[PDB]
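Sequence order for the protein chains is A and B. The opening residue of the first sequence carries number 1 in the authors' numbering; numbering runs sequentially from there. The opening residue of the second sequence carries number 1 in the authors' numbering; numbering runs sequentially from there.
There are 2 protein chains.
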Amino acid sequence: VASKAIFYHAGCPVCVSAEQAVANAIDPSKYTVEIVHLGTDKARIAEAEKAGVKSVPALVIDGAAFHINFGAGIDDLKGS
Amino acid sequence: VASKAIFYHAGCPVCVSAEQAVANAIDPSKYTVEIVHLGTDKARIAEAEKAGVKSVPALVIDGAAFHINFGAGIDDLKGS
């Protein structure tokens, strides 16, 4: 087993930077990196709200969503 | 490699959270995390600027600065 690290992002440039660097620097041995793309699935947005994802990209560790490099917020994805 | 990750903080509560989770997810066996406290050395603001550190609780990996959940603005600790 390992710790849980859920990485939410919408595929934004800033998100790619965090994914490529930080999310790849994290080893699946200690932390299971679960990347969730919000740039297509609008149903998972409701999940992000409750996960603690208020911006992207967000690294949810133990429930705490660390928003690494503010590219877009969840409000920016929340049109109507 | 064993390049260092430069973590700038200011003693704020957010520093602790980032240090506990993120700074252990990126262990020194991969990247040596260097804890830089601007609360101790104030003349290091000029260094942070050139490093790319626009805000505290943030880490610089191989040169790329990533702000963890946006800790505190560097200009919040600075006047003019």
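Just so it is clear, CB atoms sit at the ideal spot from N, CA and C, and this is done for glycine as well.
Compute the beta-carbon to beta-carbon distance between residue i and residue j, rounded to the nearest angstrom, for a pair I have assumed lies under 8 Å.
i       : j       : result
B/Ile68 : B/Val22 : 6 Å
B/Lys4  : B/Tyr31 : 7 Å
A/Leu77 : A/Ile45 : 6 Å
B/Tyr8  : B/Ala64 : At roughly 13 Å, the Cβ-Cβ gap does not stay under 8 Å, so B/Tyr8 and B/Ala64 are not in contact.
B/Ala43 : A/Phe66 : Not confirmed; about 29 Å, so no contact.
I want to see whether chain A comes within less than 8 Å of residue i, judged by CB atoms only; does it?
i       : result
B/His9  : no
B/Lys54 : no
B/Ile35 : no
B/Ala72 : no
B/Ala64 : yes
B/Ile45 : no
For residue i, tell me which candidate among the options has the shortest Cα-Cα distance.
i       : options                            : result
B/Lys54 : B/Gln20, B/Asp27, B/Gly71, B/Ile26 : B/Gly71
A/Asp75 : A/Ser29, A/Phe7, A/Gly52, A/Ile35  : A/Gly52
A/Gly73 : A/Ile6, A/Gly11, A/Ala2            : A/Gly11
A/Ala2  : A/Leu38, A/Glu47, A/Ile26          : A/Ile26
A/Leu38 : A/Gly79, A/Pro13, A/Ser80, A/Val56 : A/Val56
A/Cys15 : A/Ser80, A/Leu59, A/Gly79          : A/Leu59
B/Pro28 : B/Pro13, B/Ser80, B/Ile6           : B/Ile6
A/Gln20 : B/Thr40, B/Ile61, B/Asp41          : B/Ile61
From the DSSP output, in three-state form, read off residue i for me.
i       : result
B/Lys50 : helix
B/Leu59 : strand
A/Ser17 : helix
A/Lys42 : coil
B/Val22 : helix
From the beta carbon of residue i, is the nearest beta carbon of chain B less than 8 Å away?
i       : result
A/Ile6  : no
A/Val1  : no
A/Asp76 : no
A/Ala48 : no
Original post:
the region 10-30 of chain A: which residues have C-beta closer than 9 Å to a C-beta of chain B, in chain order?
Top reply: Per Cβ criterion, the list reads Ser17, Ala18, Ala21, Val22, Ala25, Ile26, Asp27, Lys30.
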